[PDB]
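Okay, here we've got a single chain as structure tokens, the form deposited in one PDB entry, with questions on binding and movement later.
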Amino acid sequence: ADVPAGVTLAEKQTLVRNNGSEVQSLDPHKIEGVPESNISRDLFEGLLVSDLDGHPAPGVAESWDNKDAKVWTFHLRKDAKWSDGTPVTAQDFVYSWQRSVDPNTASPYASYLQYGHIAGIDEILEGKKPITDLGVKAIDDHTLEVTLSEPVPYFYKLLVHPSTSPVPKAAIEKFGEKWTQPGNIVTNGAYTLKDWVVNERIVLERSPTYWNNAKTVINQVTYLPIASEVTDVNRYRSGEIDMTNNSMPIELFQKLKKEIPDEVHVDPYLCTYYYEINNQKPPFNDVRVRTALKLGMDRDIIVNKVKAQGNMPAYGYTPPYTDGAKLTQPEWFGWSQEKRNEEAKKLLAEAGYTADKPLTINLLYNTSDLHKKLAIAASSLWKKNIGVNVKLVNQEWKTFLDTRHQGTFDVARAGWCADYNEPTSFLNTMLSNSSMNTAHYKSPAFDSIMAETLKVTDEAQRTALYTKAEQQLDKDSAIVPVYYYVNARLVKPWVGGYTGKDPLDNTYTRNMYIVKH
């Protein structure tokens, strides 16, 4: 943290914040959700980290170079240590990245390093070659060489993501699946695990072994797993939470803008709210049925329920304000809702679903006051607009994510946040082979377009190819886009270091401090 001169720090340097749900795991290779990453960024530090403006900055790697954006050499700082006193070495990153792509690890972020296209990754992920063939090697203890199969100038932006953090070989081989237990875990972040009580709290305490511990201010941070946005807000107002989750309850947000405007932060957020179609669950294997759902959803009615936050209606998957995206709105977005509804009922009727023989689907969503309200709305809209019956199923955050991977759902409330500020961070999730493809979308045409992005001469072509992928995704109605997120949360006036200028919202407890109150 960088405390401004003249600012008086408080006696007690503690922070409470709501994470929004109970985390999948504290194992960096066993997570895929934003809540999981919020804790991982405090516990584990990768090669690069996000600065206050969201730009890649030095982490364990103090400098780095590249040749043709193909061979990346990372120079690791020599005072980089684990929580057991052992130094963080290039070998840790070889082991860690080899583990992440091991079929036996079964990481949901297995395909992440495949977005960087590290040498020999393709055959390793499908279990044809061994993990030791991966194009990452320890040239020495403090020098890591990453060899890629094609040029990727945005490779370095990937390396802020927790699924790219080092993981301690000793602890994992000693404790197995018990390696993240409070007493056992070994961390290289600014914090280590003090306590973990399921559905109550995760307590981290400042790790003195951290190389930059001299600049850490917050001694202890608590993450709460409160799914109810109403309860989060109420506990914040009762003075028990310092920072809410960035999910605001539809009903109270207008009240909160009026009463505590100074404490209400709303900033750009590279995430898309959408209704994810299981493309392999009948009748959603039919593109006509999928298109009927896409058109039959009224975004304007839905967006007007969250108007106070100022969400823009969504016409695609990749946020158009994503760095290197010049997206075009599809013709159907320009139509009236009455015209979308007619065309949707026609397309349904072609597939043999009419008023007389109706379509009944299950809309899955993760426990939430925001998601329940917008689901009831969406359910009602689809019923009046295109005569589709929509029953609501709710599950806890962990089960929700599992259900979508297994493909045991019809349509799920979905929300993707960019891991790095580049359209591939989104678009690569819809690749046939991607471990993050919970849509189960398989288009050789879409895969072909994305493969073409790595054979490009200038960035102007790369941007155009991304727009063609978004168009193909839209033509195949892979998803029902609803609205592009904003980063809206409540932050007590005594919490400093939160600027909200990072559009990925990759904040670190080590960057924050408590002003006297």
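One rule holds for the numbers: they count along the sequence shown, beginning at 1.
The same protein has a further form, the form deposited in another entry, not shown here; the description that follows concerns it.
Trainee: Between the shown form and the other one, is residue 132 on the same rigid part as residue 252?
Mentor: In the two-part motion between the shown form and the other one, residue 132 and residue 252 are assigned to the same rigid part.
Trainee: Are residue 59 and residue 324 closer or farther apart at their Cα atoms in the other entry than shown, with the shift being 3 Å or more?
Mentor: Residues converge in the other entry, at least 3 Å closer.
Trainee: Regarding residue 107 and residue 279, go with closer or farther for their CA spacing in the other entry versus this form, the difference being 3 Å or more.
Mentor: It is farther: the C-alpha separation of residue 107 and residue 279 rises by at least 3 Å in the other entry.
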